[PDB]
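Encoded as structure tokens, the structure appears first; notes follow it.
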Amino acid sequence: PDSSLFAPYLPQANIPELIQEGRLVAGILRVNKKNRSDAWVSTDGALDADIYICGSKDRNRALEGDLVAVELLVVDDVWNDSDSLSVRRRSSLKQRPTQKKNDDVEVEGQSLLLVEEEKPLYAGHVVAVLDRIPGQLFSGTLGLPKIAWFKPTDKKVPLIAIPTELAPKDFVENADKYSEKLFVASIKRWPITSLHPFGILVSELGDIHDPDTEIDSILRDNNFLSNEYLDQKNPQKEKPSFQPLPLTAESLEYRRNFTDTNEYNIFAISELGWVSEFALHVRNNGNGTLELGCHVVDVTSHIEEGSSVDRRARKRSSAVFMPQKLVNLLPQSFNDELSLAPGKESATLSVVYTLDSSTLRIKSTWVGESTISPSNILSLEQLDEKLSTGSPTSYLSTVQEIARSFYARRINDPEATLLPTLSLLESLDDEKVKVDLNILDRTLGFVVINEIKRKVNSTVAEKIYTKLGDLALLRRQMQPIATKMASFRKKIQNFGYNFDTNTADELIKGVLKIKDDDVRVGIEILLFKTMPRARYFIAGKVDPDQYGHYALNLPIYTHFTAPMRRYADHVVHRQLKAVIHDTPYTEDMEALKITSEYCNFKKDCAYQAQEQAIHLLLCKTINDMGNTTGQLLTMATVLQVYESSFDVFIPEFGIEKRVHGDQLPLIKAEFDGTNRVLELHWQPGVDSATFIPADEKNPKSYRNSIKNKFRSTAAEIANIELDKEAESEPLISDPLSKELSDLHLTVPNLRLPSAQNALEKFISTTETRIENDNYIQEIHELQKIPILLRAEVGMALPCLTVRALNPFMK
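Taking the entry's author numbering, I'd label the letters of the sequence shown as residues 336 to 414, 485 to 491, 498 to 529, 536 to 561, 579 to 1189, 1194 to 1248.
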């Protein structure tokens, strides 16, 4: 409690007992991307909150994602530059220091939404690292003489000291020549005697803004080398020896047969750019009951457990889906040969529900090995077409009503309709296969199939836990920590919504009740920020009272429906077959624990890769749409107001960003913390679109490294956009429009004022007043505001930035 020197770690042997006595508690370390000097350790229900870790010393060289042992401290013993900290109305304009402004543009701008942050109840320091996924990789840049400094693009990773004996030979002399090159590094050691970790160079990726390098860098930074199947002789191809194993007649005879096309009309579901791994049938049984059959490719029946393919697929762990590219879980030969197709007989694992034909209540459930021969194959796009423009009593209409009844029971709302849906909560559990430029996009067809798969996964989880108990591989998702729920509740209450938030049940119903699409999306964004992603886990390692999946309002869950892209499903499939055949399941609980946590690591990496690649292409699209103006102008909704800044979200783009007062031509600002109202005092006649803050002409400012420096006046942007609106003409260039079309992506739509010159149409949406020489604009939560939108180009990742239009411009 005096100096700032790292303490050596406690020996591993002591921790197990010390945890049992309550002297230490274990948890996962997460660094605050905004304020990197601090970190939190989340407990798996071992305490009422997260443990605050203040400063570098108390973090004791732990890294993001580490499992750490922490010793608690008196919060008082443990116990500024932010313009978003928020008696009555008072002057609050805050100029962030150059370094803080620079860091904010990256942290806020390099993700689609804004990360959340916020004397704590608990505080501690790290006394040991209990576990770390080994061999983690980091993309970044290298600069300068015995040490070269590697700067990770991941801002939760500290600078890494690279002994210059590992950097390229001619780097010490011309380090500036490599400033625009991307490297991959790893952390090798971090002793108490060094303020920084030491690491090694793994690869040189290439030019920082080369499109292929950009994607390769995203993959490597998220630990996807994607080399498990390549042939040494020829690297362009995969090793032909990797092939699915065919089934013997002994198995095929024993499977429940669904191949008679006179009795079952099975349609395989395909996803754009991906295989078909899920198929369905609906059948009238004739005795007042219906049947919904749910069929999943029986991947593991083609893979010998422990074989080379299994190990290499376990290493990959998750497929990766990006708008620009996809990376398989399995060898290409498996995708091609195992993808469900009409007329092709395929081994499957099926969950078949018998339903009351009038209420659709589930009368019974069958789970077992099967064989199908699809009669049809539909894409989700084709499913959508048929569900909107088709007979309201058709085959597919019945599937929708079944999905709706599953959904209504899941969220405990009998009258529930499948839309509106919660796209962000879905992403807490899984990633998109067909990726959209807007993370908010979900179609009815996807939701129908998704709610059926959620029921199937629920059924399989219940079955394997009942029979295998402590060895079951399950998936849970923890409710928001009390403090974050209390913050979320305060926000929606300020909005005027006072619905119950004590259970996922009532909270989700309150959100879904909101008629205003913008508000409903905004509140979902706020809710999404309070929760970490779901986690695979082994049942015996967790209290059975904490198996719940909060976001899905399910008491138990696992992953069974996507074995072609998730390795966890392979484990679940092998567990289900043991239960089916009542054979002894003899896997070590500790081995399964290591398997589940690795699956968590690679799956969260696949999620990060997907959103990073979306963000990259979206920034390119935003800049192409404003190719002549250097920026876009669109209506946005205010989500949160602070003393010197405010957050806006743009549902048409699926982004949430922060307007900073110190980047606007202001005289002052006043903040009313009781009413959540920020009053901007504008400089009359100064266009925000072209304003350069005085402090950003410093060569230390991020602005100096901006490559796309040109900004047109606001009037020019308004004119071009509104003229094109009436005309139904595109802002996007023809080359990029072709690119997005090939990728089956949709150009974002602007939100324009539906009202006079073009600029005046935007300005008339603002709430303004002139008090003598004060030119005041009021910023209210959930108000619409015109926002200038740009992607700053220059860093490894572009930075989205937003500015309020000056309503007192000429």
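Just so it is clear, CB atoms sit at the ideal spot from N, CA and C, and this is done for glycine as well.
Relative to the C-alpha of residue i, which residue among the options is closest?
i     : options                    : result
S784  : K1011, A1103, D1157        : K1011
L1050 : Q521, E662, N370           : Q521
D870  : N719, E1045, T992, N932    : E1045
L1179 : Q1221, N872, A1123, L1066  : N872
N1034 : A985, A968, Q1097, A1070   : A968
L1066 : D1211, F341, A1152         : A1152
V1013 : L1170, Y899, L817          : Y899
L1026 : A1043, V1005, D1016, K1037 : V1005
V754  : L653, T788, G400, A850     : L653
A601  : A713, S685, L616           : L616
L905  : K949, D950, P351, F971     : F971
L382  : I915, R365, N699           : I915
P508  : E1130, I1214, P537, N987   : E1130
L772  : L1073, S828, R999          : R999
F1105 : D488, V409, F341, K1054    : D488
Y663  : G707, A747, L593           : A747
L525  : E1031, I363, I1084         : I1084
Kindly indicate the opening and closing residues of the beta strand (DSSP E) around residue i.
i     : result
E528  : Segment: none, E528 is in no beta strand (DSSP E) and carries neither H nor E.
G560  : 555-560
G362  : 360-366
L1174 : Note, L1174: premise wrong, no beta strand (DSSP E); alpha helix (DSSP H) at 1168-1176.
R1145 : Unbroken run through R1145: none, as it is neither H nor E.
Name the one or two DSSP bridge partners that residue i has.
i     : result
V636  : According to DSSP, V636 bridges with nothing at all.
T723  : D790
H983  : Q911, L988
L812  : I703
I796  : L789
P586  : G557
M1069 : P1224
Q1074 : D1081
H542  : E406
Between residue i and residue j, what straight-line distance do the alpha-carbon atoms span, to the nearest angstrom?
i     : j     : result
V1181 : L1165 : 9 Å
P586  : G633  : 12 Å
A582  : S804  : 59 Å
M1023 : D337  : 44 Å
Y1041 : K1248 : 45 Å
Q758  : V867  : 12 Å
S377  : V591  : 18 Å
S822  : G879  : 9 Å
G720  : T788  : 12 Å
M1233 : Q1009 : 46 Å
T723  : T682  : 35 Å
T647  : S637  : 12 Å
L1174 : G1064 : 20 Å
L345  : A609  : 40 Å
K897  : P989  : 13 Å
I1140 : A1229 : 10 Å
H1218 : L856  : 25 Å
Taking a contact to mean a Cβ-Cβ separation below 8 Å, would you say residue i touches residue j in this structure?
i     : j     : result
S372  : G390  : yes
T1071 : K1222 : yes
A985  : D863  : yes
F584  : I550  : no
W1116 : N1244 : yes
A384  : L538  : yes
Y1032 : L902  : no
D977  : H993  : no
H542  : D655  : no
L1197 : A1149 : yes
Got a sec, what are the start and stop residues for the alpha helix (DSSP H) residue i sits in?
i           : result
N872        : That residue, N872, is in no alpha helix (DSSP H); it is neither H nor E in DSSP.
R838        : 829-844
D790        : Note, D790: premise wrong, no alpha helix (DSSP H); beta strand (DSSP E) at 780-790.
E1113       : Run containing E1113: none in the alpha helix (DSSP H); it sits in the beta strand (DSSP E), 1111-1116.
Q927        : 916-929
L1026       : 1023-1059
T893        : 878-902
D393        : 390-394
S741        : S741 -> no alpha helix (DSSP H), and no H or E assigned at all.
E684        : 683-688
residue 565 : The model of the chain omits the segment between 561 and 579, and residue 565 is among the residues lacking coordinates.
Would you say residue i touches the ligand SAM, meaning its beta carbon is less than 7 Å from a heavy atom?
i     : result
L1156 : In the structure on display, the ligand SAM does not appear, and there are no ligands present to speak of.
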